[PDB]
Structure formats: structure tokens, C-alpha cells
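A.B. asks: The following block contains the structure, expressed as C-alpha cells.
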Amino acid sequence: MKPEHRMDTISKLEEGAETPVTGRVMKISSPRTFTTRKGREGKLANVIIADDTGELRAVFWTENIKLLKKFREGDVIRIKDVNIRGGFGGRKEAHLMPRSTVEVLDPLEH
């Protein structure tokens with residue numbers, strides 16, 4: 001494994017890797033609902049964030065849907081703990097987890 005202290009950019013994001021991502025929110029898409037056996041409503045949303053090295057598709061699952069109320073289509077966000085899939089030759093995708101949080105940057109908080 002490559003060191004935990006290494007934070008790759010959108011162009012450097014490795015497929016099958018688990019890493020935090022950062023970018024400016026250009027476009028936000030509404031959640032797509034599906035029937036899960038967990039007994040929950042079940043949803044996945046596609047948010048397009050852009051960085052100097054490329055544009056990335058962030059996927060907000062049913063648990064991360066609650067994060068969509070935090071930022072707007074035009075703010076900057078850093079998403080922690082995601083899995084990079086890469087379902088297209090170019091603009092890859094990052095899948096979020098229940099414990100994944102998002103923070104609004106550019107006016108750096110911490």
C-alpha cells in the first residue's frame with residue numbers, strides 16, 4: 001500500500017483505492033432511489049466536483065444523502081473516506097460511506 005499521508009488529486013486518484021477527495025461543486029444531481037433489503041429508502045446521488053487536475057463524480061449513498069443539505073451547487077467541498085471506482089475513460093467516480101463527512105472549503109475552516 002502507498003502511505004496514508006499521501007493525498008492524490010483527481011487526475012492521480014487510483015481505481016480500487018480508498019482516499020479522501022477535494023473539489024469545487026459545479027453540478028448537483030438529485031438522489032436515485034432503489035429498493036434495499038436494509039429496510040431503508042435507499043438512494044444514490046451524483047455530484048460533479050472540479051479540480052485543476054480534472055472533474056470527479058461523487059456518489060452520495062442513502063446515508064450520505066443527509067450531507068446534501070450542507071452545501072450548494074457552487075461551493076467547494078472536501079469529502080473524506082471514499083472509494084474510487086472509475087466507470088468511464090476520463091471523469092472517474094468516488095463512492096461515499098456512512099461515516100464519510102463533507103466540509104466547505106475555499107474560505108478554509110480548519
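Just remember, in the C-alpha cells the first chain shown is A, the second B, etc., residues are 1-based per chain, and ligands are 1-based in the order shown.
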Among chain A, which residues carry a DSSP assignment of strand (DSSP E or B), reported as an MDAnalysis selection string?

C.D. replies: chainID A and resid 18:28 32:33 43:51 54:61 76:84 93:96 102:105

A.B. asks: Suppose we keep N, CA and C atoms; can you now write the selection as a compact mmCIF listing (two decimals), in the first residue's frame?

C.D. replies:
```txt
# COMPACT_ATOMS: atom_id res chain seq x y z
N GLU A 18 -8.86 3.62 -1.58
CA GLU A 18 -9.66 4.32 -0.58
C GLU A 18 -8.94 5.60 -0.12
N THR A 19 -9.47 6.76 -0.52
CA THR A 19 -8.82 8.05 -0.25
C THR A 19 -9.84 9.19 -0.14
N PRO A 20 -9.54 10.26 0.62
CA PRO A 20 -10.36 11.48 0.62
C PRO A 20 -10.15 12.32 -0.66
N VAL A 21 -11.20 13.05 -1.08
CA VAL A 21 -11.14 13.87 -2.30
C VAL A 21 -11.56 15.33 -2.04
N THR A 22 -11.13 16.24 -2.91
CA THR A 22 -11.45 17.67 -2.77
C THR A 22 -11.73 18.31 -4.14
N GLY A 23 -12.72 19.21 -4.19
CA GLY A 23 -13.03 19.90 -5.44
C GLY A 23 -14.15 20.94 -5.31
N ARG A 24 -14.30 21.77 -6.34
CA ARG A 24 -15.37 22.77 -6.38
C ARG A 24 -16.66 22.19 -6.98
N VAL A 25 -17.76 22.27 -6.24
CA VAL A 25 -19.04 21.73 -6.70
C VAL A 25 -19.60 22.52 -7.90
N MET A 26 -19.54 21.92 -9.08
CA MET A 26 -20.09 22.55 -10.28
C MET A 26 -21.58 22.20 -10.46
N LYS A 27 -21.90 20.91 -10.42
CA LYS A 27 -23.28 20.44 -10.62
C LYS A 27 -23.70 19.42 -9.56
N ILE A 28 -24.96 19.48 -9.15
CA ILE A 28 -25.54 18.52 -8.20
C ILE A 28 -26.78 17.84 -8.81
N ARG A 32 -31.03 9.03 -6.72
CA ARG A 32 -31.73 7.96 -7.43
C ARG A 32 -32.15 6.87 -6.43
N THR A 33 -33.45 6.63 -6.31
CA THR A 33 -33.98 5.71 -5.29
C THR A 33 -34.00 4.25 -5.77
N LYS A 43 -30.95 5.29 -1.63
CA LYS A 43 -30.72 6.31 -2.67
C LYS A 43 -29.22 6.48 -2.98
N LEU A 44 -28.94 6.96 -4.19
CA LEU A 44 -27.57 7.32 -4.60
C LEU A 44 -27.59 8.59 -5.47
N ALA A 45 -26.79 9.58 -5.11
CA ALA A 45 -26.79 10.87 -5.83
C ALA A 45 -25.44 11.17 -6.48
N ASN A 46 -25.47 11.79 -7.66
CA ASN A 46 -24.24 12.12 -8.39
C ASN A 46 -23.94 13.63 -8.35
N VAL A 47 -22.88 14.01 -7.65
CA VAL A 47 -22.44 15.41 -7.58
C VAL A 47 -21.10 15.60 -8.31
N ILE A 48 -21.05 16.53 -9.25
CA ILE A 48 -19.85 16.77 -10.05
C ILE A 48 -18.97 17.88 -9.45
N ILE A 49 -17.80 17.50 -8.94
CA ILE A 49 -16.83 18.45 -8.41
C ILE A 49 -15.63 18.60 -9.36
N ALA A 50 -15.09 19.81 -9.47
CA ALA A 50 -13.98 20.07 -10.40
C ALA A 50 -12.71 20.55 -9.68
N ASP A 51 -11.58 19.99 -10.08
CA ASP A 51 -10.26 20.40 -9.58
C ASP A 51 -9.33 20.73 -10.76
N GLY A 54 -8.69 17.77 -12.99
CA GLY A 54 -9.80 17.02 -13.59
C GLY A 54 -11.12 17.14 -12.83
N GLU A 55 -12.20 16.66 -13.44
CA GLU A 55 -13.54 16.65 -12.82
C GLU A 55 -13.89 15.24 -12.30
N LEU A 56 -14.53 15.18 -11.13
CA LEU A 56 -14.85 13.89 -10.48
C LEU A 56 -16.35 13.77 -10.16
N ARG A 57 -16.88 12.55 -10.29
CA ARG A 57 -18.29 12.27 -9.95
C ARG A 57 -18.42 11.65 -8.54
N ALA A 58 -18.88 12.45 -7.59
CA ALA A 58 -19.09 11.98 -6.21
C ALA A 58 -20.47 11.31 -6.05
N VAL A 59 -20.49 10.09 -5.51
CA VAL A 59 -21.73 9.33 -5.33
C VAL A 59 -22.17 9.30 -3.86
N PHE A 60 -23.27 10.00 -3.56
CA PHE A 60 -23.81 10.05 -2.19
C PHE A 60 -24.88 8.97 -1.98
N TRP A 61 -24.52 7.94 -1.22
CA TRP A 61 -25.43 6.84 -0.88
C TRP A 61 -26.42 7.24 0.23
N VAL A 76 -17.34 24.93 -2.44
CA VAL A 76 -16.21 24.00 -2.50
C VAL A 76 -16.30 22.98 -1.36
N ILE A 77 -16.05 21.70 -1.63
CA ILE A 77 -16.15 20.67 -0.59
C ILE A 77 -14.96 19.70 -0.60
N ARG A 78 -14.60 19.23 0.59
CA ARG A 78 -13.65 18.12 0.73
C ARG A 78 -14.35 16.91 1.36
N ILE A 79 -14.45 15.83 0.58
CA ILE A 79 -15.13 14.61 1.03
C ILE A 79 -14.12 13.59 1.58
N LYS A 80 -14.32 13.17 2.82
CA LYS A 80 -13.39 12.25 3.47
C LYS A 80 -13.89 10.79 3.43
N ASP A 81 -12.95 9.86 3.21
CA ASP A 81 -13.22 8.42 3.21
C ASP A 81 -14.15 7.99 2.05
N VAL A 82 -13.59 7.84 0.84
CA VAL A 82 -14.36 7.37 -0.32
C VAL A 82 -13.58 6.33 -1.14
N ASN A 83 -14.31 5.51 -1.90
CA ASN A 83 -13.71 4.51 -2.79
C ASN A 83 -13.80 4.95 -4.26
N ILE A 84 -12.65 5.06 -4.92
CA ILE A 84 -12.59 5.47 -6.32
C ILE A 84 -12.87 4.28 -7.26
N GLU A 93 -15.22 8.32 -10.61
CA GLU A 93 -16.29 8.47 -9.61
C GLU A 93 -15.82 8.02 -8.22
N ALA A 94 -16.33 8.67 -7.18
CA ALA A 94 -15.97 8.35 -5.80
C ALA A 94 -17.21 8.01 -4.96
N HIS A 95 -17.26 6.79 -4.43
CA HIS A 95 -18.41 6.33 -3.64
C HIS A 95 -18.20 6.58 -2.14
N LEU A 96 -19.17 7.27 -1.52
CA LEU A 96 -19.10 7.64 -0.10
C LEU A 96 -19.59 6.51 0.82
N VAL A 102 -18.50 15.70 4.85
CA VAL A 102 -18.10 16.72 3.86
C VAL A 102 -17.94 18.10 4.52
N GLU A 103 -16.92 18.84 4.11
CA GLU A 103 -16.65 20.18 4.66
C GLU A 103 -16.51 21.22 3.54
N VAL A 104 -17.03 22.43 3.78
CA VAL A 104 -16.99 23.51 2.78
C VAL A 104 -15.68 24.32 2.84
N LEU A 105 -14.92 24.30 1.75
CA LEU A 105 -13.59 24.94 1.71
C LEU A 105 -13.55 26.17 0.78
```

A.B. asks: What does the distance between atom CA of residue A:30 and atom CA of residue A:110 come to in Å, to one decimal place?

C.D. replies: 29.1 Å
